[PDB]
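Asks: With the input below, show me the fold.
(chains A, B, C, D, E, F and G, ligands or ions: 1)
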Amino acid sequence: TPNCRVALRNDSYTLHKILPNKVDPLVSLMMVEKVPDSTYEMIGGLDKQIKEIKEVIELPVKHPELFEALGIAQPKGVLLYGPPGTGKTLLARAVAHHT
Amino acid sequence: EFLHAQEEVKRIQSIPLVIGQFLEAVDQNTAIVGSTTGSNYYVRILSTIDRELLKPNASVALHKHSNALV
Amino acid sequence: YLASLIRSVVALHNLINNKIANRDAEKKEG
Amino acid sequence: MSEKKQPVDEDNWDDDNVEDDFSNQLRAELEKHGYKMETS
Amino acid sequence: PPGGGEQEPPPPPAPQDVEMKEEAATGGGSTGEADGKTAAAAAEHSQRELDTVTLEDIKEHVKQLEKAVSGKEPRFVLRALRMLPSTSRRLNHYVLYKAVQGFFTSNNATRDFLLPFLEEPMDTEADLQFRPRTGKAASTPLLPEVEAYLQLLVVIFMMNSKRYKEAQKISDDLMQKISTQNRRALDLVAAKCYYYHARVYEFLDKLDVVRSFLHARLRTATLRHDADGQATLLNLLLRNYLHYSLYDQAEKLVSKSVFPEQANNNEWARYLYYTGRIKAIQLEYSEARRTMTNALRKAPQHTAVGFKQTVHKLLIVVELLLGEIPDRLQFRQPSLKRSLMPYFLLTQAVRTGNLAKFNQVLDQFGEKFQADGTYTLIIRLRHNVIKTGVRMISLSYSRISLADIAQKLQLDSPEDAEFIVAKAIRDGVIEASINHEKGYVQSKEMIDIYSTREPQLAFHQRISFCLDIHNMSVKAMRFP
Amino acid sequence: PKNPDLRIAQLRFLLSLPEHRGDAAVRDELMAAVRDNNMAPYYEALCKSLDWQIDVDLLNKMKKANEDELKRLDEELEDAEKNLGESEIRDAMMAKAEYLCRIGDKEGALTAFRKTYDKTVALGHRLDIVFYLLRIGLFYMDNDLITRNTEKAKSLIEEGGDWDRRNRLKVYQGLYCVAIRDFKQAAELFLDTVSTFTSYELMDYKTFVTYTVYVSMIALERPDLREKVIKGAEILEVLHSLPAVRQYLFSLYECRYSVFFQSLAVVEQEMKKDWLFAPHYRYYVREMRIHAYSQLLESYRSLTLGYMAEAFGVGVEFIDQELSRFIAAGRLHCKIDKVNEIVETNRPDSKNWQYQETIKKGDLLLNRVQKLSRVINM
Amino acid sequence: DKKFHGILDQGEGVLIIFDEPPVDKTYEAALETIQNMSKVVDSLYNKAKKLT
Ligand SMILES: Nc1ncnc2c1ncn2[C@@H]1O[C@H](COP(=O)(O)OP(=O)(O)O)[C@@H](O)[C@H]1O
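Replies: Numbers count the residues shown, from 1 in each chain, chains lettered A, B, ... in the order given. Please find the structure below.
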């Protein structure tokens, strides 16, 4: 594969053996930042915002055909707002986790 | 006879000895270390070391010229 | 008496470790 | 297989030991105590 | 004819389906690989013959209208079975008699027609030198005649069929029995027909001139072959010698035939039981219980095992005679539970100290014990009841009057209440003294049994035993 | 639902086993059997009942309503997959299979619970499914299936704290270790009685107090009863409403030995008619008698046997035959004399009795491995 | 209450006092191994008895 380690002899620099799988750089990126991995089961009292955020994100992945039946462009961007400490990060982390 | 050859193998554990650090192992009895000269190596091991004293991030001895696990 | 009791169980676990390598190769290899 | 040449033809153990002791001895030993007070 | 012609026509061919695959594969193998090259110590045809006894035990039940087995006999008996080019027509003859059942009607063998079904080893160049065929070509009709046993003017048809097999049995005993396993594979055919040779005779006939013939059968056994001829000819020697009073028990002590050293895991298992009762019936208690236990844990995994309903009863008869008792209903079954309740109520009386509690059992279930044939050992438990009780009382009470123990054991007499205690000390149950002038029996309190040698004797039996099973785990491991 | 479901299993015990008491129990269960859509668990109970000859329309009005809830599941499973949530077919009947767990037997439950086990990525629904599998495995006494999911329960609690799923769980082994005759575990699983909540199965907290005190007087000696259940304000005030059990516990503690047997006769009678102690009620008192005997007997050495009649329990010969069978049982370390009318004690060391239990287990494990090595390798 | 250990006499009130830490470490800490090893032979059924 491209971007994969190998072993290598040193007298002639002949390829020796595949050395496994090191890391994706995207995997290391989130490993640095350490977002608090969440789920719907730790959401306290936001039932209507969960129904809003599914319509824009959850539906145009599992059912992309369902907008062609209505013939509109599928949405792309979501703005979340409110005072801090009310669950903006965990709700966005939940939706990406469950689909 | 096996106990006589058991102790004979440690003549490679002589005095000009350099220091690496354990990183991982591909399989049984072959590992991957990183020397303190910056370059990493894919090395063979020596059989008599208890394998279950390895990898938190272990300090290891390496051979001078051949640069294998010691 | 405890230490000899352990000696019988350990080699019995070794006995199944040869019955795992006897029956599971005669159909595979032949 | 299963030949057997025929020449002729917890939940269980602790209570069996308890069945052995009071097998015929004071099963409903409840009301003799009401009668042992005036006697003894 | 509609109730016939839809329920009767599938019983011929679907047994013909499975009988072209089980004994035709045995006839295809055990003529060419028992008379042929070899069937070694690791053979398959014996276990294949073990597969063709058990399946036909519960296969046939009906009197065979529509010739579904009554037409198998005019099929399976017109067999030369000499070599492959003369049996290539016989491989058609496995199918040529199928339309004889179907297009026409055969001869329905209903209790009369077995006489023209036995005289065939002359017909079309049949032989008896190929007794891996003919001993099986005896047993392929000799089993289903006697499997149902049907006991209504049939016995002579079973007899003359055995007589032709007895003619094969004399050619077995005399003529070329070496390295073809002519004795070995027919020692089973000897052994398996003996149980059909017996339940005829245990039903209506005698028993004892076969025994001298069995001595003549034991004569040539271990005299040409020392494998499965020493084994099955001695349980079948014992099987009514125990039930008879003939000498036959101190003979089997000094007999060399005790060890055949291998007897195929199921006849060896009961072998230690028939001689396990011999030591039980002639008062050898402590030696018997280890060959009773060893006769239990070598038996296979069947459920309707009515002889195992007897060994679990008998194994702790002799342990009531020795004092030890396990939980007998530890593997209690829907078929074991009814076979334990009179006998489990017996050992309820043994763990107690009451005396005529034994009498309250032996009148309630005195008839049941004679059905199982065990009463003569039951009658002597009163020696073991009273030694259980005198150990029970002496350990509880320290200084008890001898004129109190008799009233608790309902002995009705203090004047021999001294005397059991005399035989309790003569046997060695309790140690301490009796003030015969006063009347109390004092007992000394026990002392430091921990600092005595005797718990090492609880160890040394088991130190050496546990090193053996570690050695047996080594000796049985490295077969690869 | 499975929340009122344990009282059914008590009333099935209340139906069959008291043989004369089988009239009001077959009425008030049928008051709940042929309502709330129960179909399966009472056919053989009806066989243990009377005829009840016309139950056919009584079944047909209910198996229809069983199908009605089952067909609206059959009308849900295509509208949930068209515009999907988090697999809302399964997610609907992950709450409606517990209905089908109550209504049908375990098979509709077990194929739907192991379905929806792989749905939820968080244990907060998974570990609540496991509590359902534990509870039906008590009804059908699935003693081999509870051993699987209890470890599968406990393997979930370590991530997170889950104390409403741990302290809830401790009651289940606490009822299971008292279902089996394992009392030193049952008092240890009932150690808290603080976080133990007003649950569904012991709907009175005070009935839970009776169960945790009846096992506590067996498992532990008296350096610990004199600190834990005499000084706990959480345990004193809840039996402060109980006249009997307060007296039943304290009579052993206050050394009021004569009135100890009086209330013990009440409890042992009550323990017979109670469910889940009736397998072992005759095991209880014979351990509580020998616990009561040795406490008095290990204070003195030269006690006469007729002192125990008027101060411990009446009947001199009743004391005589009862102590005679317990020294002969190999316990209760003393040695009764007869014709000078005195009971002498001894003190044996903690070697031989500690040696005696070792030779039991050494025979038993050697019984296990000798029998094993014969079965394997032919 | 085991805060003190001894014996009391009833005839004349004689308190025979004795003491020994008997042994606890040697046997019961070797006894629990046996029931650990019993569960190992039980777990041998899940890779041998089911398997071969
Ligand atoms: N509605 C909520 N339910 C549960 N936890 C919440 C909620 N809102 C905030 N939290 C807590 O807040 C933390 C997440 O911070 P968050 O509120 O997402 O920051 P932001 O201000 O970006 O929304 C989590 O640790 C979580 O425990």
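
Asks: quick one: the helices in chain G?
Replies: Per DSSP state H, chain G carries helices over the ranges G:28-43.

Asks: Contacts only, for the residue nearest the centre of it.
Replies: The residue lying closest to the centre of chain G (CA atoms, centre = their mean) is residue G:28, at 4.4 Å. Residue G:28 is in contact with residue F:354, counting by CB atoms under 8 Å, 6 or more residues apart in numbering or on different chains. C-beta here means a position set from N, CA and C on the backbone, and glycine is covered the same way.

Asks: how far away is it from residue F:353?
Replies: 11 Å (CB to CB, to the nearest Å).

Asks: count of residues packed around residue 20?
Replies: Picking chain A for this. Residue A:20 has 10 neighbours, counted by other CB atoms under 10 Å in any protein chain shown.

Asks: You answered for a different chain; I wanted chain G.
Replies: 7.

Asks: Can you pull the residues of the stretch 301-450 of chain E lying near chain G?
Replies: Contact residues (CB under 8 Å from any CB of the partner chain) of the stretch 301-450 of chain E with chain G: there are none.

Asks: In the stretch 301-450 of chain E, what residue spans correspond to strands?
Replies: For the stretch 301-450 of chain E, the strands defined by DSSP state E, counting those that start in this stretch occupy E:400-401, E:440-441.

Asks: for the ones you listed, which one sits closest to chain A?
Replies: strand E:400-401 (73.0 Å; CB to the nearest CB).

Asks: Run the contact check for the closest one versus chain F.
Replies: Yes: Strand E:400-401 reaches chain F (CB under 8 Å from any CB) through E:400, E:401.

Asks: Could you pull out the helices in chain B for me?
Replies: With DSSP H as the criterion, chain B has helices at B:2-8.

Asks: near chain A, which residues of it?
Replies: Counting by CB under 8 Å from any CB, chain B sits next to chain A at B:26, B:32, B:42.

Asks: and which of those is nearest to chain C?
Replies: For the residues of chain B next to chain A, with chain C as the reference and CB to the nearest CB as the criterion, the closest is residue B:26, at 24.0 Å.

Asks: quick one: contacts for the closest one?
Replies: With CB under 8 Å, 6+ apart, residue B:26 has these contacts: A:17, A:19, A:20, B:32, B:42.

Asks: Among those, name the ones that also lie close to chain C.
Replies: Within the contacts of residue B:26, nothing lies near chain C by CB under 8 Å from any CB.

Asks: Could I have the buried ones of the residues you listed as ChimeraX selection syntax?
Replies: For the buried members of these, the matching ChimeraX selection, counting by 16 or more other CB atoms under 10 Å in any protein chain shown, is:
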select /B:32,42
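
Asks: want to try JSON lines for the contacts of residue B:26, with distance to chain D as columns?
Replies: Shown next, in JSON lines, are the contacts of residue B:26 (distance: CB to the nearest CB, whole Å):
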{"residue": "A:17", "distance to chain D": "51"}
{"residue": "A:19", "distance to chain D": "53"}
{"residue": "A:20", "distance to chain D": "49"}
{"residue": "B:32", "distance to chain D": "54"}
{"residue": "B:42", "distance to chain D": "55"}
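
Asks: Now tabulate the strands of the stretch 301-450 of chain E in CSV and tack on distance to residue F:11 and mean neighbour count.
Replies: Formatted as CSV, the strands of the stretch 301-450 of chain E follow (distance: least, CB to CB, whole Å; neighbours: other CB atoms under 10 Å in any protein chain shown):
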stretch, distance to residue F:11, mean neighbour count
strand E:400-401, 52, 20
strand E:440-441, 57, 25
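
Asks: Go through those strands and name the closest to residue F:147.
Replies: Nearest to residue F:147, of all these, is strand E:400-401, at 50.3 Å by CB to CB.

Asks: could you pull out the helices for the stretch 301-450 of chain E?
Replies: E:308-314, E:317-320, E:341-351, E:357-362, E:366-372, E:375-378, E:382-396, E:402-408, E:417-427 (DSSP state H, counting those that start in this stretch).

Asks: highest average neighbour count across these?
Replies: helix E:317-320 (a mean of 21; mean count of other CB atoms under 10 Å in any protein chain shown).

Asks: Tell me which residue is most central in chain E.
Replies: Central residue of chain E (CA atoms, centre = their mean): residue E:270, at 4.8 Å.

Asks: Then chain B?
Replies: Geometric middle of chain B (CA atoms, centre = their mean) lands on residue B:69, at 1.7 Å.

Asks: do you know how far that residue is from chain F?
Replies: Residue B:69 is 36 Å from chain F, where distance means CB to the nearest CB, to the nearest Å.

Asks: how about that residue, what does it touch?
Replies: Counted by CB under 8 Å, 6+ apart, residue B:69 has contacts B:31, B:33, B:43, B:44, B:45, B:46, B:49, B:60, B:61, B:62.

Asks: which one is the fourth one nearest to, not counting chain neighbours?
Replies: So the one you mean is residue B:44. Counting by CB to CB, 6 or more residues apart in numbering or on different chains, the nearest residue to residue B:44 once its immediate chain neighbours are dropped is residue B:68, at 5.1 Å.

Asks: Touching, that neighbour and residue B:49? I think so.
Replies: No: taking contacts as CB atoms under 8 Å, residue B:68 lies outside contact range of residue B:49: 11.8 Å.

Asks: where do the helices sit along the chain?
Replies: Here I'm looking at chain A. Along chain A, counting by DSSP H, helices occupy A:25-33, A:47-53, A:59-62, A:65-68, A:88-98.

Asks: could you do chain D instead?
Replies: D:13-21, D:32-39.

Asks: State the distance from residue E:224 to residue E:173.
Replies: Residue E:224 sits at a distance of 9 Å from residue E:173 (criterion: CB to CB).

Asks: Which one of the two is surrounded by more residues?
Replies: More neighbours surround residue E:173 than the other of residue E:224 and residue E:173, with 19 against 12 (other CB under 10 Å).

Asks: Off-centre distance for the helix or strand where the more buried one lies?
Replies: Applying DSSP states H and E as the criterion places residue E:173 in helix E:155-174. Here helix E:155-174 is found 24 Å from its chain centre; the criterion is CA atoms, centre = their mean, to the nearest Å.

Asks: Same check on stretch E:378-389?
Replies: That offset, for stretch E:378-389, works out to 30 Å (CA atoms, centre = their mean).

Asks: burial of whichever residue of chain B sits closest to chain F, as a residue count?
Replies: The nearest approach of chain B to chain F comes at residue B:56, 22.4 Å away (CB to the nearest CB). Counted by other CB under 10 Å, the residues lying close to residue B:56 total 7.

Asks: Could you do residue G:35 as well?
Replies: 11.

Asks: Over to residue F:356?
Replies: Using other CB under 10 Å, residue F:356 is surrounded by 10 other residues.

Asks: That one: what secondary structure?
Replies: helix (DSSP: H, G, I helix; E, B strand; the rest coil).

Asks: Please list the residues of chain G that sit near chain F.
Replies: Counting by CB under 8 Å from any CB, chain G sits next to chain F at G:1-3, G:7-11, G:16, G:22-24, G:27-28, G:31, G:34-35, G:37-38, G:41, G:44, G:48-49, G:52.

Asks: if we go to 7 Å?
Replies: G:1-2, G:7-11, G:22, G:27-28, G:31, G:34-35, G:37-38, G:41, G:48, G:52 (CB under 7 Å from any CB of the partner chain).

Asks: for the stretch 301-450 of chain E, same thing?
Replies: Residues of the stretch 301-450 of chain E found near chain F (CB under 7 Å from any CB) are E:392, E:395-401, E:404, E:440, E:445, E:449-450.
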